[PDB]
Engineer: 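Following this message is one structure expressed as structure tokens.
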There are 4 protein chains.
Amino acid sequence: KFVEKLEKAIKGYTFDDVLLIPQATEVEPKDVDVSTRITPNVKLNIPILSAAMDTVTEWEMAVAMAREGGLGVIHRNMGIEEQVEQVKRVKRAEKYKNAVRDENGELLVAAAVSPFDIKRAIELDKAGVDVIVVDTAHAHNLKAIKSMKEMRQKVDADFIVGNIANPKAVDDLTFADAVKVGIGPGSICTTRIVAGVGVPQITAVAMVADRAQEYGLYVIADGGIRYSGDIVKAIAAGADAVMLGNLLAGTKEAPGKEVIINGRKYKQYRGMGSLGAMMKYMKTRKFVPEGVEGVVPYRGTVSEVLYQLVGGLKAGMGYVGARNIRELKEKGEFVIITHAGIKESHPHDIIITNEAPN
Amino acid sequence: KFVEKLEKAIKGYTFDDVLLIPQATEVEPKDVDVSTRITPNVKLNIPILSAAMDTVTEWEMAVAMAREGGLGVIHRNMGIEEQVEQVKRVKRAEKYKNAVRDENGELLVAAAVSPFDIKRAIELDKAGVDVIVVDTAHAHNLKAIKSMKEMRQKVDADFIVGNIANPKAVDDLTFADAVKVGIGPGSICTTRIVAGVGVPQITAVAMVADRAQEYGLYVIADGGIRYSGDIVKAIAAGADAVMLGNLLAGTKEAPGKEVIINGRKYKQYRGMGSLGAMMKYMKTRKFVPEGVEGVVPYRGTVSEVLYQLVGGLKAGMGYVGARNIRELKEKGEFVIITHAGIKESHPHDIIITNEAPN
Amino acid sequence: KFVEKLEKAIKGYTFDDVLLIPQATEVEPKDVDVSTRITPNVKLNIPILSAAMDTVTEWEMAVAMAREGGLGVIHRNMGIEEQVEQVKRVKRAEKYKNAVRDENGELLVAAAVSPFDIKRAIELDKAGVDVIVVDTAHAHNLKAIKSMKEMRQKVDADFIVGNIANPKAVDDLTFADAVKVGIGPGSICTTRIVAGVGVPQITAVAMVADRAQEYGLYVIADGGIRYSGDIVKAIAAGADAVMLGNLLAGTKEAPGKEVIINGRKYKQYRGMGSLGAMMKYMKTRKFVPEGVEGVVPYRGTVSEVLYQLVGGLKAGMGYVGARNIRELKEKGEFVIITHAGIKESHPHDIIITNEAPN
Amino acid sequence: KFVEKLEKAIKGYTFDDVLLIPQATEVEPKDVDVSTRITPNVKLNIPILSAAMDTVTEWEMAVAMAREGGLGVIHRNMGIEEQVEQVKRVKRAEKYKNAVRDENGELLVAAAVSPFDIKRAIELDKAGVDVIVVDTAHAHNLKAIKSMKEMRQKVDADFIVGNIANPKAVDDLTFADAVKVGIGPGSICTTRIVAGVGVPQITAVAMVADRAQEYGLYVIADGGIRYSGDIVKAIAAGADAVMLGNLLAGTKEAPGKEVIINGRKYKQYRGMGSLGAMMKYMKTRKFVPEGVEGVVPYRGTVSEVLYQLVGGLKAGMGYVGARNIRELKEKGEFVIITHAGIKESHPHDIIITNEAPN
Ligand SMILES: O=c1[nH]c(=O)c2[nH+]cn([C@@H]3O[C@H](COP(=O)(O)O)[C@@H](O)[C@H]3O)c2[nH]1
Ligand SMILES: O=c1[nH]c(=O)c2[nH+]cn([C@@H]3O[C@H](COP(=O)(O)O)[C@@H](O)[C@H]3O)c2[nH]1
Ligand SMILES: O=c1[nH]c(=O)c2[nH+]cn([C@@H]3O[C@H](COP(=O)(O)O)[C@@H](O)[C@H]3O)c2[nH]1
Ligand SMILES: O=c1[nH]c(=O)c2[nH+]cn([C@@H]3O[C@H](COP(=O)(O)O)[C@@H](O)[C@H]3O)c2[nH]1
């Protein structure tokens, strides 16, 4: 019985365990289309959402994301009235040819809510939020799901529930428009260390994506993205879009506090499940933290970060012969590599003097 | 023949090689029950025992452990009369709703003895010890086992023999109430380096647990636990409880000497098979040490450490839908991960400023 | 579908994942012949080409390479007239018994061109270049290949197209004399990090070599070579020759700028896809860099570096009983090793005071 | 063809990839017998030989080794007359109950020779050397083997040829008494880096041992031993004895020059295939070095080192229920472990203050 648990254990892979195999390419890469659909009513011009964290997304980030064709999810570590005001400021913010707007030409915006905060949801919905993101650590909670269903029935906005890491969870969330995948891969996440629970992101996305495709739900890969190359892999693994925390934290638009150390600029970045975040409107029913607090170097503007990420994604799509997202998901093939392969993949046997992305 | 040894070699896994897969959860996590049975007459309120080491468990630790629902095993690197006095002080120590007590309302306590120290055992038994723990490096020793049987017949207390790492050893220990698993995983253990013998803990627990279940014996996972997440994995692998050395060392109650270095507080922690421990009542028939001496940072009180560990265990059980220990052992499923997966599981690509567990 | 991508994923190996198994040897090693054919009209006396990079190969490097029996590929990050002049200076440069010369006794030389630069190619061809090397990041580009075919028809020089990492690409390049293998292994390469695309070099060379052999095309392993041992492995994996960047950079003949740091000598080495290289005649249609800038320690003269590399290759060939290149490719057998095996393969448990290669 | 080389590649294991599984033990460990036979006329009281290196074995080391029941192999980086004198001094050196002596009560001694130095061999034989050790990097050399056969016919001493790493080599060396296994694992060895050739030691010993057993030849595992635990594994893998360089270097008896750095004592240790060793009577037909030069910390006397090593071996044998060497080779079973398992096997999550072996 216990030995069979080990013998039958599935083998899980993360971003660094795989590489995409180059293929014949007819069109690339400057002509690559990266638009993608995440909900019945929402198609982004770039497959990127900014995390719903208090050191990542507030109104400024959301405006910047929407102007670039992406989407910002206003965090919920604030009062309901404060969150509705953030949403309104974004919707009325409008040179940005890639911007994603609603029927009235207003920038799109999303906002996070707890599975039980139906009041908050309705207020956000009335404020004109385009997407409601049920933001929980383990969405496959029955009681929570019952509350989610009631919530879905009382709002018009599109509905995204996350996070999950087991395909079986999709079967009980078919009332949502999309599911967010990611349990334990976050840069500031300690859930796997504290709880011992999780699934390597590439494997998690693939398992969930196959099940989601069966029900008509979209998939968002959340957490663990460190390089543009990870985005290409996530999409090839089945995701329609990715959600970034670390890579967007430290940008001018990020609400994280500035920090200088040794003359170098940084910005705070912390898990919403950290003491600091808890010491700020959520009160989780958790006895111990599952996130840490840290800092990331100053990255410049959101615009500059997205240009690099999207640039890399387009290069990767060109290399595999994918003219659009659907084709990447369709024909992207993987090769599994070893630790030594990981080392050779990064720059090696050299004293780097400049790694600039321009 | 020799090549077949390699071809037929079993693949062994340790804590970091696996993760638990999230599942549908109906009740969690603050309502999770972590009580567990380790012997016919002993059920703990938390699945944790403090190691029988001279830098970990003496009367103060044992009192603190029992008051929290756990169990302390008084070490045997002292005289018989000194050990009986430690036991008595614990039994008469009694605001602690989770405390584990015997029929007379006295805190429970355990004590270690050598497989050959029948005299010590009888004295401990008369002093009212609740559990006698035969404490040896390799319990699957025939001569030792013969002595153990005679010992079991002369004491009333429950009987725990360890340590072992091969299921075949259980077959010859069916006269005991439970077996302790762990050969080589300890934080200060060098047995695998000095002797070249051992079995990765997750695999060892699983193999032994399947065999133990066939005979009605309980299983305790001893050594190698560094995080609360490891506890969840050990139990899911077949263990009824775990034994901690490193994580309890450095607490206020631990008998280890205090040490200050660079203004920072530490406490000594060393293997019982180290020169220091040997230079203190045991005299092993070993030519060379199989343990080292070191220090661990000050952790605070036992109460604070247990709260965190149990907190993590409850979070993990909630994530897999386990309302109690039996269900964790019953339905916990694993996913095997690579080194890259291990890296992504811990916090990464961030300059940590705070990892506090509150 | 997505899960099958992972289940059917091929396992890729790089240089450090393998070792060659020693065999009975009748002749070795000072009598080992390392000559090798890379094109219908070109056989080198040593299986080594210098990279077409602006910090590696200009006329001096090319002269040194040809004098030792190797081949230099003049980089294309300069004007057409400048490149033709570099070529002419090499052809007229002529104590060097291993030198490779053309029919008129002139040192051989190669030059790189973009798949679309037919003008540059014709000029190089008229200048007497022996080999034209189509130098692109992803040669399996249809539009590029159409241009390549027109180019092949307008020049007399031998034709080498690269780089590729998929055997399927060979099928569409049968009009060339040889293909260059290598996508992502370079010491200063970030293509796998930025685009997420690539194939571990040993696996890439083997897959391509089997397909190339079917069409009569030669194979050159480009990138990732750090030690002479890697050369032996690359050839045993199917390559006819290797191309070096890092190992030749830092030599007296390399055009890289000199840099002193802490009294120690270095020379600049950077990817052609780096800002620095771009800031120098190419203008790629890439949005972001896929190479970095760094420095390598001063290595001495090209002659000294080649002696060591070739020395190692000959030792390795002797150990496997290969009197020539054809036999190495023919009978070289591999054993796959683990990370621990990699550690034991390098010097260990010692404080090195001298690693000199004389 | 090339892809099949990878698909059919055998998987090789080194010491750190495996652990021995504990078993029922009837007698251990102070009653463990570690005597072992390495040749028809030579049985050692401990399975250890000192390397034939100029920084490891000269007459003092050989005397110390024989007095402890082991064997010293006088290195050949000296003149013939100097080597014969070293041998004589050992034979006439004679409180040492474990000493290994010949028929006349003289300490045993071995000496190394090149496969072609028949003159040196005969002189050593006449001087009374007990074992002649043909000392070469790749013994599976036909020309060398022909010379070896002539040598075997002109000496009375027992004959040991090494090193090899392929079982096929044993088939051509059946005229010898034993073969020495080890190509590339040495602490100061770079053969695998320079030549790309080698076989992980555990796998090499096992493959060779199975073939050797078929012909009646003994096996000596040479190189890569860092801990007593490695000795237990090597023997369990099929070896009759092991040869140590690094672990014996740095002892009082070792001829290596003393070196002080930061108040700490060290002794030089270098490969015989290093410039330093070459700059000292061998003149190899190698173009480049395959060994490095370094230093090891002062270890104390040979006696103290052997006590620890043998102590560990006995502990390991007790843990697996082996009362003697034959039984270890007979019933020792392995479990393969991962990198994480390797980490847990060593001391972890502790600040070591003392690792003393007493
Ligand atoms: O287990 C967790 N404990 C936390 O405290 C925490 N905070 C954020 N997150 C999630 O991490 C995602 C961002 O991941 P990255 O920084 O790698 O982009 C985000 O999308 C969040 O989903 C957490 N997960
Ligand atoms: O091989 C060993 N040599 C030793 O000297 C030694 N000292 C303690 N122990 C065992 O390690 C366990 C505690 O392990 P942790 O520190 O990882 O919690 C404890 O439960 C002890 O079983 C030893 N094992
Ligand atoms: O992806 C890349 N981005 C770059 O900027 C770049 N620059 C050079 N190269 C290629 O790397 C090869 C040299 O590799 P080594 O330094 O390891 O010898 C060379 O042969 C080049 O093919 C690049 N690849
Ligand atoms: O490839 C090699 N190049 C060298 O220069 C060299 N020097 C010593 N040896 C061999 O290494 C063995 C000692 O290995 P350890 O230091 O790990 O005990 C010894 O037994 C020697 O066989 C060499 N191998």
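Just so you know, these numbers use all the heavy atoms, side chains as well, and skip hydrogens, waters and symmetry mates. All chains are named by letter (A, B, ...) in the order of the sequence lines, taking the proteins before the strands, and each is independently numbered beginning at 1.
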Engineer: Please examine the side chains of D/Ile21 and B/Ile10, heavy atoms only from C-beta on, and report whether any two atoms are closer than 4.5 Å.
Structural biologist: yes

Engineer: Can you tell me which residue among B/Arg120, B/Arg76, B/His75 is in a side chain to side chain donor-acceptor pair (under 3.5 Å) with B/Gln83?
Structural biologist: B/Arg120

Engineer: Are a donor atom and an acceptor atom from the side chains of B/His140 and D/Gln23 found within less than 3.5 Å of each other?
Structural biologist: no

Engineer: Among all residues two or more places apart in sequence or in another chain, which pass the side-chain hydrogen bond (donor to acceptor under 3.5 Å, both in side chains) test with B/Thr14?
Structural biologist: none

Engineer: Applying side-chain hydrogen bond (donor to acceptor under 3.5 Å, both in side chains), name anything that partners B/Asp125, two or more places apart in sequence or on another chain.
Structural biologist: none

Engineer: Look at the rings of B/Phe159 and B/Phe175 and say which category their plane angle falls in: under 30° parallel, 30 to 60° tilted, over 60° perpendicular.
Structural biologist: tilted

Engineer: I'd like to know if the side chain of D/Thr25 and the backbone of D/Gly318 have a donor-acceptor N/O pair within less than 3.5 Å.
Structural biologist: yes

Engineer: Go through the structure and list residues passing side-chain hydrogen bond (donor to acceptor under 3.5 Å, both in side chains) with D/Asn354, not counting sequence neighbours.
Structural biologist: B/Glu293

Engineer: Under a 4.0 Å threshold between the charged nitrogen and the carboxylate oxygen, would B/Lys331 count as salt-bridged to B/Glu327?
Structural biologist: yes

Engineer: If you count the non-hydrogen atoms of other residues, nucleotides and ligands that lie under 6.0 Å from CG in B/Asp171, is the total more than 12?
Structural biologist: yes

Engineer: Answer whether the closest heavy-atom distance between the side chains of B/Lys286 and B/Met278 falls below 4.5 Å.
Structural biologist: no

Engineer: Is any side-chain N of the basic residue among B/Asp16 and B/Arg226 closer than 4.0 Å to the acidic one's carboxylate O?
Structural biologist: yes

Engineer: Pick out which of B/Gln268, B/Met78, B/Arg270 makes a side-chain contact (heavy atoms from CB on, under 4.5 Å) with B/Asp54.
Structural biologist: B/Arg270

Engineer: Answer yes or no: is there a side-chain heavy-atom contact under 4.5 Å between B/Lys252 and B/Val302?
Structural biologist: no

Engineer: State, with a plain yes or no, whether a side-chain heavy atom of B/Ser274 is found less than 4.5 Å away from one of B/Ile188.
Structural biologist: no

Engineer: Does atom NZ (B/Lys143) have a neighbourhood of more than 12 heavy atoms from anything else shown, all under 6.0 Å?
Structural biologist: no

Engineer: For B/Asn246 and D/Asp349, test the side chains for any donor-to-acceptor distance below 3.5 angstrom and give the result as yes or no.
Structural biologist: no

Engineer: Answer yes or no: is there a side-chain heavy-atom contact under 4.5 Å between B/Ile325 and B/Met317?
Structural biologist: yes

Engineer: If we count only N and O atoms by modelled type, under 3.5 Å, do the side chains of B/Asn98 and B/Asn45 hold a donor and an acceptor together?
Structural biologist: no

Engineer: Do B/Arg67 and B/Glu94 sit within salt-bridge range, that is, some charged N less than 4.0 Å from a carboxylate O?
Structural biologist: yes

Engineer: Are side-chain heavy atoms of B/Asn141 and B/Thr136 found at a separation under 4.5 Å?
Structural biologist: no

